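What follows draws every value from the coordinates through simple rules; no lab data is involved. With ideal geometry, Cβ positions are generated from the backbone for all residues, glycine too; neighbour counts draw on all protein chains shown.
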Amino acid sequence: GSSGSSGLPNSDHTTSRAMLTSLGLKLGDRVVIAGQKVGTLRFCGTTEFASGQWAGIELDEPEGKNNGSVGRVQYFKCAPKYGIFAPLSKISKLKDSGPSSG
């Protein structure tokens, strides 16, 4: 680990409990990144490369900028150029989306 870098203890303090229930997503559900990209939710929480709430989604087609793992840190397993990560806050449940008016 690293004492002087980010802040507050590690492991503990997880914000991945009051998000899945509030939003309505779970491991094994079809989500949508920004109501555009369609993928299957596999991992949900924080990332090691970036900062904030993310999720390791797995697109059905080869349109991802990863292969399940990011550099040295691993999240989920999948084919090459299939796994991708996007802001959970930006990832919502499939369907029920459409501003229309703008």
inquiry  = Tell me whether the range 64-74 contains one or more residues that are buried (at least 18 other Cβ atoms within 10 Å of the Cβ), in a loop (DSSP other than H, G, I, E, B), out of contact with any helix residue (DSSP H, G or I) (no Cβ under 7 Å at 6 or more places or on another chain) and without any contact (Cβ under 8 Å) to a residue 40 or more places away in the chain.
reply    = yes
query = Within the range 29-72, how many residues are acidic (D, E) and within 10 Å of the chain's Cα centre (by Cα)?
reply = 1
query = With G56, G45 as the choices, which residue is surrounded by fewer than 18 Cβ atoms within 10 Å (Cβ to Cβ), small (G, A, S) and either touching an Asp or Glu at 6+ places or on another chain (Cβ under 7 Å) or assigned to a strand (DSSP E or B) (or both)?
reply = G45
request  = Considering (1) at positive phi; (2) under 9 Å from the mean Cα position of the chain (by Cα); (3) not aliphatic (A, V, I, L, M), say which one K81 fails and leave the rest.
outcome  = (2)
message = So, in the range 7-45, how many residues would count as being out of contact with any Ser or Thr (no Cβ under 8 Å at 6 or more places or on another chain), without any contact (Cβ under 8 Å) to a residue 40 or more places away in the chain and of a type in the set (G, A, S)?
response = 4
